[PDB]
Structure formats: C-alpha cells, structure tokens
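Quick setup: one chain, the form deposited in one PDB entry, written in structure tokens, and binding and motion questions come after.
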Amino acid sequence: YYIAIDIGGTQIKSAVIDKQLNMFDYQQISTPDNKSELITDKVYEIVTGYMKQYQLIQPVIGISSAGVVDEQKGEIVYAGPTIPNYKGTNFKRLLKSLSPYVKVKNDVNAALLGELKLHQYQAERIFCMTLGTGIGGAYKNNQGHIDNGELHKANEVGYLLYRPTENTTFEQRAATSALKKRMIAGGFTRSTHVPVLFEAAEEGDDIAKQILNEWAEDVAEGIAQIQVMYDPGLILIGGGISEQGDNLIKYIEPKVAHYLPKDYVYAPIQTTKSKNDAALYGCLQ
C-alpha cells in the first residue's frame, strides 16, 4: 500500500493506493489556514492515520502540492499567496521518521502524470493547465519527461499576462475567487457557486453567459501564450472546473483563435478525463 496526499489551498485529499492503482480509504478535508493550524501537522496526521489503520512500516508516501516544488529536496521553494507561510515546507524532512520513501511534486505535475497513467493520448507533447483556487501548468515533453525548469518554477502559468493597468496576473483574472468576483460584479446573484453559473448559462441565462464568455476570453488568452511557446499536441484543462467537460471547452476553445493568427493551427483543448483523483495517482510516479 502507497499513501497519496494532494494539497491545495482549499482541500487536502488523500488515499491509500495499492500496486494495481486501486484507491482505498479516500479522504478529503478542508485545508488548514497554515496560521494556527498547520498543513504539515495535518499531513503528518493523515500519514500516521493510514499507518495506524493498516499497520504500515515505512510506507511509500507520495505528495502532490500546490506551489513550486524542488522535487529532489522535497520542498516548497516558492509559493503564491493562496497558502501563506508555505515556502520552506519540506515533506521529506517532515515525514522522515515515518518513512524514507517520500516523493513530492507540484499538483499539476501530479495531475498530468495521473491523467497519463489512466488515459492514453496520441499527442506526444501534452500541456496540462488546471483552473481552480490557483492556475498551474505542467508540460510533458517529446521524450516523455516533465521538466520543472532551472529553478523548478517552469509552467507557473498563473503568472502569465500581467496587465500593469489592471494589476492582475492571469491567475488573478481566471481563478475561482476571481470568477466568483466577476459573477457578483457581473450582476449574477442566483448563487456564488461556480457550477450554478454554468447551469444558468446552459438553461439560457444571458448574464451567466456574458460572465462566462468574458472569463473564458481571459482563459483563452492564457492558453494561447502556452500554445505559442510549446506548440503542443494537446492541452488538457484540469482542476475542479474541469468537471464541466465540453460545456467548459465550448466557451474556451473557440476563443483561443482570437489571440492567434488567422491561419495558425492550435492544439486540441480537452478536459482531463480523470476529474478528481488524477493528482493522487500522479504523486506516486
């Protein structure tokens, strides 16, 4: 049995996984604020809880986490403000008395590797962008490798497209909290729950549609820059919002052409086929 743990700003998910990739004992808790209740403390108790439940000695532990991960060190070496005080968090050191077999990866690295372990694709070059609390990226290159860059922060695509006159990055315009502000800013008051926004647009609510289009325009703009850099065979959209599937793609994919030359052929854009668990599988790779 392997222990998998996926750390986001909103939730920590975890599971025990066996050799055949079967998931047991899936758990999902609210992420501690990391001020008075610490993420490391919760991760440690998640691990010890599985070790106690299953009488595990030195379990192989995979950690997927938001933030820039130095994978060799097992450490958060750079972190946006979604998780405060997160830089310097070293999960290998944290867990060393429980196990010497700890891997740590960025959450999008894990999502992509998990997606690719569960689903085959023809494309040789696959970029994954997650839309959720944050926006993150990972790129599986031609030779099968996911490179994290010289300082491990490659594909932090949330930092794309900083607009000086608006003081926003890509992530500050397209992340869940930004979309929720756009909803209330755009007069959508039925709810503040993103799925309801999509449901309203599907049943022909013009305010839901205008908010979604204006948001998908900014999302498409970010995808276009990834496209231009990488020219990938495939762009996967993951994260919580990926549950919309084609109802999400239909807003974003046509708009990518707005930021590309008229004759420029860009990669197909699809949601991840595994919606929730991709990172739990990927963090063991």
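The numbering used is simple: start at 1 and walk along the sequence shown. Throughout, rigid core stands for the largest set of C-alpha atoms superposing within 1.5 Å between the two forms.
There is another form of this protein, the form deposited in another entry, and it is not shown here; the text below is about that form.
- The only C-alpha among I126, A79, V157, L113 that moves by 2 Å or more between the shown form and the other one, given a superposition on the rigid core, is that of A79.
- In the core-superposed comparison between the shown form and the other one, the C-alpha atom of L38 has shifted by at least 2 angstroms.
- Superposition on the rigid core between the shown form and the other one places the CA atom of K250 less than 2 Å from its counterpart.
- With the core held fixed between the shown form and the other one, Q53 has its Cα displaced by at least 2 Å.
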